[PDB]
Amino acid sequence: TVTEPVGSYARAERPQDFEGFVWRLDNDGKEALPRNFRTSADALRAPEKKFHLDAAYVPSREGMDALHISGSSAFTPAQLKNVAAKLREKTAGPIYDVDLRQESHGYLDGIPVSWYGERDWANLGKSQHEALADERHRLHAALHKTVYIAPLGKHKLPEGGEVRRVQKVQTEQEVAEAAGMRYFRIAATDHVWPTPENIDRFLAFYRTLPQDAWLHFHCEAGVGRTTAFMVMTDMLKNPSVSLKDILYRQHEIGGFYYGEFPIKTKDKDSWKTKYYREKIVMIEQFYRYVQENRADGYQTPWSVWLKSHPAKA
């Protein structure tokens, strides 16, 4: 009947049309902290005008002090150490670097880089296993080789940058552990709703966490995927909070707004429109999943429940 259900639209895109072509600079390392850094203990700010929200609305903060999560963009090793130090002041539990990036990435001579393909879909369609194997192989192959690292500029194409002969290669896991943080990888595709396997994996991981665990989520920019998992965590941990309050508060501390809003993209970014719409509906479906399965201890996972309760456009 249906080729791709709601929540799996990206599966229709062709991986061969977005293969990696350059080592993208993930962070210039000029700031002490990564971009969009925020924690669940932060004060709520005014909502961004583009979401056309009620600036007078004061969402409930119930459970935010105990939530213990944070989010940010990619970072240099030094920046991550700064994050870890800062998060250690808020807790005595393990601090996790939850890496949500499907795209292959790592560090060349301490420089955070990723193998970038159009739309940042260089690993689209790969299983987590295949994406991580590609990553390990590409990182290693760069050792003692000349590479071109560049930030993206006009038209999302390389602009300036630098050329160097790599003397050191590290995975983010190594960088996290060196910063004193535990590491957990979830290979989520950039710009789209996390897959049923991404979410099943996160929920399984969530279940094993000690009470005082602190989760620092991050993606490339620290907006789309980062806010999605932050929201999922808030819903799971504070199931009595209304959907409206979760969405407003995760937005007002510095994340994306995952509720309905007037979507307007630049003509060259019109491809994003349906993925934004898809995220709005899936966000609602996840909330329903939590509400309907919390009472029995989640004896049925998200992927299974979603197939029997498909989302609709």
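One rule holds for the numbers: they count along the sequence shown, beginning at 1.
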**Message:** Averaging CA B factors per stretch from the PDB record, which one is higher: 219-227 or 142-150?
**Reply:** 142-150
**Stretch exceeding the other in mean C-alpha B-factor - 40-48, 260-268** = 260-268
**Request:** Using the temperature factors in the entry, find which of 90, 105, 191, 201 has the highest value at its Cα atom.
**Result:** 90
**Message:** Between 69, 247, 282, 58, which one tops the list for Cα B-factor in this entry?
**Reply:** 58
**Request:** Please rank the C-alpha B-factors of the chain's modelled residues and tell me whether residue 170 sits in the lowest, middle or highest third.
**Result:** middle
**Complete:** So, residue 196's CA B-factor, relative to its chain, sits in which third? The lowest
**Complete:** Temperature factor at the Cα of residue 241, chain-ranked in thirds, falls in the middle
**Asked** Lowest, middle or highest third: where is residue 81 by Cα B-factor in its chain?
**Response** highest
**Complete:** residue 295: CA temperature factor from the record, placed by chain third, in the highest
